[PDB]
Amino acid sequence: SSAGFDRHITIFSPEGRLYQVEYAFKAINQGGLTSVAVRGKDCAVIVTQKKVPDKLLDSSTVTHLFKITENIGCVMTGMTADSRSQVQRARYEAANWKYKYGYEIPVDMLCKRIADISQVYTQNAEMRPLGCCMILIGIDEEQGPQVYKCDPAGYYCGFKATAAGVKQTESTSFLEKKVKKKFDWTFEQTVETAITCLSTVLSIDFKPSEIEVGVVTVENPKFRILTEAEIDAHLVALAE
Amino acid sequence: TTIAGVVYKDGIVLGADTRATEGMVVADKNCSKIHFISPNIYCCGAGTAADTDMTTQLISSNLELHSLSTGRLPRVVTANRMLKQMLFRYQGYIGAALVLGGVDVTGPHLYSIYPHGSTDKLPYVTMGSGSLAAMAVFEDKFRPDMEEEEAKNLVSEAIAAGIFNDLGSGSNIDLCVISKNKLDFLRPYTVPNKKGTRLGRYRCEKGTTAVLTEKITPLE
Amino acid sequence: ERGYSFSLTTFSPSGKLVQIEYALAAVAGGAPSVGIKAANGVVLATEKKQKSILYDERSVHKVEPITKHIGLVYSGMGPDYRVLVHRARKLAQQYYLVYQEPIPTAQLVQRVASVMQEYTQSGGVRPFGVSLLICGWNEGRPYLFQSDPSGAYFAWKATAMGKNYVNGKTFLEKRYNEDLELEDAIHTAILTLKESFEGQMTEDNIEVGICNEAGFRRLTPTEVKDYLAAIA
Amino acid sequence: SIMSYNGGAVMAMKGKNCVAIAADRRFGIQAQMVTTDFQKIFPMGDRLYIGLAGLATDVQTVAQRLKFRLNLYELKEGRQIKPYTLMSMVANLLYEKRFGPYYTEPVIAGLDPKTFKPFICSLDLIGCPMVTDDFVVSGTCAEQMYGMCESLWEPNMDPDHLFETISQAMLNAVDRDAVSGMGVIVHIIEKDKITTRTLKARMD
Amino acid sequence: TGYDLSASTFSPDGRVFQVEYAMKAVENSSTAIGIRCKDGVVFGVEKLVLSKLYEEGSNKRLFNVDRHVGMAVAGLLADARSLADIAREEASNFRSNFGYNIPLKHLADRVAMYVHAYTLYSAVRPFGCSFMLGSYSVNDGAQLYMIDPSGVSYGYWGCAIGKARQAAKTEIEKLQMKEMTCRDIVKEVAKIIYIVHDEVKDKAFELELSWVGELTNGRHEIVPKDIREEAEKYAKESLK
Amino acid sequence: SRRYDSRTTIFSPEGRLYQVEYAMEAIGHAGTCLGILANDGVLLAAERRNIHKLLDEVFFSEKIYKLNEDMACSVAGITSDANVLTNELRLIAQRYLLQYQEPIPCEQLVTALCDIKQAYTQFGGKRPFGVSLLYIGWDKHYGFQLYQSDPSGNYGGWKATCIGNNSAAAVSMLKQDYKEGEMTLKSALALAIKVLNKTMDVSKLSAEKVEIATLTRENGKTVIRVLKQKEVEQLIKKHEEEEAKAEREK
């Protein structure tokens, strides 16, 4: 029901619901985008497509892979304007950890502080609650790689295989059938399922120049964006 | 006041003494100068006594706030950064001379902190008034990667050199041994100084003092 | 900003506060929980099921310590819980900085409930959607309290918050007594959580914390697998 | 100095199951006395006292500020205050005036509210706690009070000999001081009762 | 529609109409295009004379932010003047804190986050402006950017802002802009303006061409087209 | 904005108050509290809410709050709003003692709260206090006293008062049976247990559903006696004995 101003601002409705935040859950879905993260091994893989509709539009200034710190990278879904302002806080408060505390921030600690900023916009009124979504990767020593995910509601969790954007319900259903026989994830088993999930949910079987791949691995812990040549190397490697 | 620290092959041994004076009069014969920070980090205090006490309790409260929010063991470099950033803000008005030591995942770490905010990572340090005497024992007899009882013998030797210098102690040499798993804390480790016996009769009589007015108030 | 500064809560003509009664509905539709005060300890238990087989279990915890002898659980919505947890951490240290002594569990609930009072009266903010259960064994006797989003608090022997709480309220009344052991209290705390659980209960579906006089302690899944190992 | 503006002497001493505290009575400016009934020992709950010495302004000021915080503590909690808890309370109050400090040195003496365990401590003018097992002293004539207590103190003493030891320690040391005297009041407390006595001292 | 009052409220399907309403206020303004060659950026603005009493150079839409940065605004002219003073003030603090010229990739981020902040609160409204940013350097080359009223900012090779946003970029993309010099670009910009509705149903107009690149040694200034008048001599020959 | 605000401050066209009359009616749908003067004492009585059999009651007092040293208060209304007023009121009575070193004389403590409780009906758009509460105490100037706080800020010094819509028939009973002049403690306790027999509809007056606290000026101490549940029992059976005399007339 529409009681008082529950359909307009962040107050409680009857039956304990509140609508101005669960309207932001499908504020992501106007992007026309889907992002997939897979953790299987001593590595971690982001994969996300680009959508270039214009030849006048550039190629290097389209990338949704964002480098927070040298060991932490992220991908953004949802609307573009709220996405880049969310990253400005993530770049800022990752450096305040290094200044105040003297060492590198864990990927688990950073996803708390980002979701706590999205808390107050739900708590306080007249403050628009940032309709975008963030997925993190990184390497923790003595803990392996991790994949986290933040919500506009302020809810976070960590989990192994991630979908976002428009097509979560079709991709997460594919990955539970994928991750039930926990086979040997060997840094190319991870990349192949990262492609073949998105290549069957969208069902495109696409050219080598429409996606990005972010990677981090226990050997070279720096965040690393793949080259169009070596993206093509993994793409023809699954042509069987 | 004489405090000292050392890093042996597995951990850190700290040492201190048990005298606080006011002017040139011994106020306390048993004072604790080794302060708790975390279950792996301890800190020895020197300088103004109330300045070191109120500083070492605040930062120990923040690390308990930090590690319980984080969910893992603290780092010695975190307590290093909190102390030198606080003491720089007061421009050296708070007189605190600290020896910071603990064992992290990365291993043992020993620091020395001056009241203006300058920090030094060193394998062995001395602070306090008798720090000149204790340092001469180190440089004569320090060697890298000592054993357990070899390092404990060096610190109790170095503290005792400051005790037989002026502003020494009523003599209860303290030790705090920090290792990778085992934690020790020894208040009466060495008592070299004893008080002599009283050879006189001082029989206080039951009624040898005149009383003007008495008053009785029961309780429950 | 402007500085609007007006509260979103006024009286009904009948005399009830409308938005506080709506916030209890979001509490009752949360994850179920149960807390039992035994003769030598306090037992907390909760219901932690993931929506998928993908979600890791070593990331987010339900039983959460405040001091080394005080824990705290909840039944409501997720992200509002972590606000007052971090609020109660900084509040409990301020008692220790003044008095050099760990805070008693009665004094902590005096101040946490005042924080939840402040979002009900002040301007433009909404009240909480999280009720709590606060535990601890201070000065011999253990304690078990419950605070609501209105700002009040109580003192229970055994209670249950979350979904199907009226069924667990009658079940704890028909099963609890004057005294038990702590090891007997966990047995009647899963059997009241098995009332409203799903078809499978493993070491990762439930999550249990205890309060001995030795301090606060939450249980690893090794004990919880060994505890539900055919002992009901 | 500023501490030597009004004089004073506060002594506490631990016995077997009991504890005693004593102070002087003289109030005055630098060389001129005013009165001989200046209170320097204040009750803070039963079986737990406090003594103050130093500048006579901060004696009456801190004893009212501490009473302000004690009554608010004993109403939020139904229990009484522990002797360790009061020492942390006073050290907080003195450290807030870190650079505007009060000119006094408190002495706390009392028993445990549950058991019979005595407790003595003293603080500096900025709040350094210092617990002992035999005696604590504070005031202008401090060095004379160390000379009497180091020679007369015995470990396990009945309330008879404990009164006679703290009497001879206060009379012989304050008579050596010039700006302290004009009467000595002695409080001796125990589990069952509280005894207050005044002594016959030199009135010069 | 209805809930479309504040900028801090969501629709039941998940978009903010107050941002949507301000976008098509830029649509009613006249066409301003931008293009870059291999060694420079060439601006161009179709600007119409109000009645007759305009004094030939008033209220221009080719601003000058920095030594090498200028704007090509379109929309509400008064709202663009206040926004141009932000970019003048932002580039001054980068000089005073770092000692060198502002990069255009960093300048467009600082402006777009400032435009983003007026799309979140109920006290203020979103801007009604869209504009261009062109610069040239020897270590970075030429860049060309694009900022909408929502705050999305990324790079193009060519663009148009106004009524004929689609009708201009149809014939921009049939140019070999990757290898031309920006002296040959100037005679090609003027025909793009004069094809699409210069004075057909309108009354009159006047062409303005801004200019930055290698020939100006990094300076930004208006063309010396007054000299030799070659833009109109070459574009008016395209009548048949 | 403007369309999101509550009124809380606007007169009626006839002149009455819109929100203040609402808060004075929610207190009537709450617990029951009363007091009674004596020649050498004063007492309070209270009604237990939530008498469910899985509670602890470890506070030794729920309705009564011993506030300074010689004063206490009952409470009625919103229990969540009530804790703000008590922590302030103990803090008003304690800064007075810092200022004069004399206890607060039991009237200007009440006016200090009644100015705070009033001020939310005036300036600032805020919710008023839905709490009325009693007062007991002793001073040098008048002695034993009762007072009656209101959400409006009005107070009155009563000899025997109670709560309204919950127990409004008690006020009609107190005018019939409270005799002026002699009102001593054993006469006042037996009068109080007679009143709660009718108002609380639970038969036989179970002792877990009541709460009684007293105050006697005793040898210069002014003790505040919250009497335990063991002597509530024989106080009920004394009133239960009075039925046997009440049936002799018929």
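Since chain C takes its numbers from Swiss-Prot, the residues it shows come out as 3-234.
How was it done? The header gives electron microscopy, 4.1 Å.
Note that Cβ sites are derived from N, Cα and C of the backbone, with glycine treated the same way.
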### Query
In Swiss-Prot, which of these is labelled phosphotyrosine: C:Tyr24, C:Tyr229?
C:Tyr24
### Query
Pick from C:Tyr57, C:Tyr76, C:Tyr167, C:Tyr178: which does Swiss-Prot describe as phosphotyrosine?
C:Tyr76
### Task
Select, from C:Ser16, C:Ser54, the one residue given the annotation phosphoserine by Swiss-Prot.
C:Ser16
### Task
For the set C:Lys39, C:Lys70, C:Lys165, say which residue Swiss-Prot annotates with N6-acetyllysine.
C:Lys70
### Task
Identify, in sequence order, the residues in the chain of C:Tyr6 (phosphotyrosine) that are 6 or more apart from it along the sequence and have a CB within less than 8 Å of its CB; answer 'none' if there are none.
C:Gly125, C:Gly126
### Task
May I ask for the distance between C:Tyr76 (phosphotyrosine) and C:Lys171 (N6-acetyllysine), taken between their Cα atoms and rounded to an integer number of Å?
17
### Task
Out of C:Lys70, C:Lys171, give me whichever of these modified residues has the highest number of other Cβ atoms within 10 Å.
C:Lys171
### Query
Once the chains shown are all counted, how many other Cβ atoms turn up within 10 Å of the Cβ of C:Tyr76 (phosphotyrosine)?
27
### Message
Just to confirm: which same-chain residues, 6+ apart in sequence, have a Cβ under 8 Å from the Cβ of C:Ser16 (phosphoserine)?
### Response
none
### Task
Using a 10 angstroms cut-off on Cβ to Cβ distances, just flag whichever of C:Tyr24, C:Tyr121 is the loneliest among these modified residues.
C:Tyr121
## Note on the structure
By Cα geometry, the one of the modified residues (C:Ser7, C:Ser14, C:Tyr24, C:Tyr121) nearest C:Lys70 (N6-acetyllysine) is C:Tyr121
#### Entry: List of the modified residues C:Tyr6, C:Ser7, C:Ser14, C:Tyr24, C:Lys70 facing chain A, defined by a Cβ pair under 8 Å
C:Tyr6, C:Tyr24
### Query
Taking Cα atoms as reference points, which of the modified residues C:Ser7, C:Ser14, C:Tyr24, C:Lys171 is nearest to C:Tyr121 (phosphotyrosine)?
C:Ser7
### Summary
Comparing the Cα of C:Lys171 (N6-acetyllysine) with the Cα atoms of the modified residues C:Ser7, C:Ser14, C:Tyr24, the shortest distance belongs to C:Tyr24
#### Entry: Where C:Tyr76 (phosphotyrosine) falls in three-state DSSP terms
strand
### Message
Check the DSSP secondary structure of C:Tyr24 (phosphotyrosine), expressed as helix, strand or coil.
### Response
helix
### Task
Measure from each Cβ of the modified residues C:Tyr6, C:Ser14, C:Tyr24, C:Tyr76, C:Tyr121 to the Cβ atoms of chain F, and list in sequence order the residues where some distance is under 8 Å, or 'none'.
C:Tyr6, C:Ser14
### Task
Check C:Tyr121 (phosphotyrosine) against DSSP and tell me helix, strand or coil, would you?
helix
